[PDB]
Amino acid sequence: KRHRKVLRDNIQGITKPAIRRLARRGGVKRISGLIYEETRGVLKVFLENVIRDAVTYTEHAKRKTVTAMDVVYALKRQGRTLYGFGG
C-alpha cells in the first residue's frame, strides 16, 4: 500500500571499472571495448539461473523473503557450491 520506485536498466550498475577489476583478479592485462556489454550479458544469465532456483526454494517454503540458504542451495543445485553462508 505504498510505492516501490521502479527498477530499470540496473545491469548498467556493473560499470566498466568494476568489470576491469574482476578481469585483473582473473589475470587479464588487455581488455577489448566490447567485453563490457558481453560481461553484463553473462552476469545476467548467471544471476537469472541462480535467482530462479533461490526463488523456487523460497516459494516452496511459503516465504516472502529470500534467505542465504535458498541461494546456497540454488548454488549447489547448479554445481557452484559456496562456503561461508550456512549449509
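Between two forms, the rigid core is defined as the largest C-alpha subset superposing within 1.5 Å. Just count from 1 along the sequence shown to find any residue number.
Colleague: Would you mind working out which of 71 to 79 and 10 to 18 sits farther from this form in 4 other deposited structures of this protein by RMS C-alpha distance, with the rigid core as the fit?
Modeller: Higher average C-alpha offset in 4 other deposited structures of this protein goes to 10 to 18.
Colleague: Would 77 to 85 or 4 to 12 have the larger average of its C-alpha temperature factors, as given in the entry?
Modeller: Between 4 to 12 and 77 to 85, it is 4 to 12 that shows the higher mean C-alpha B-factor.
Colleague: Hey, what third does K64 fall into on Cα B-factor, ranked over its chain?
Modeller: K64: CA B-factor falls in the highest third of its chain.
Colleague: Quick one: classify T56 as lowest, middle or highest third of the chain based on its Cα B-factor.
Modeller: Answer is lowest: the recorded C-alpha B-factor places it there.
Colleague: C-alpha B factor of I31, ranked within the chain: lowest, middle or highest third?
Modeller: For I31, the deposited C-alpha B-factor lands in the highest third.
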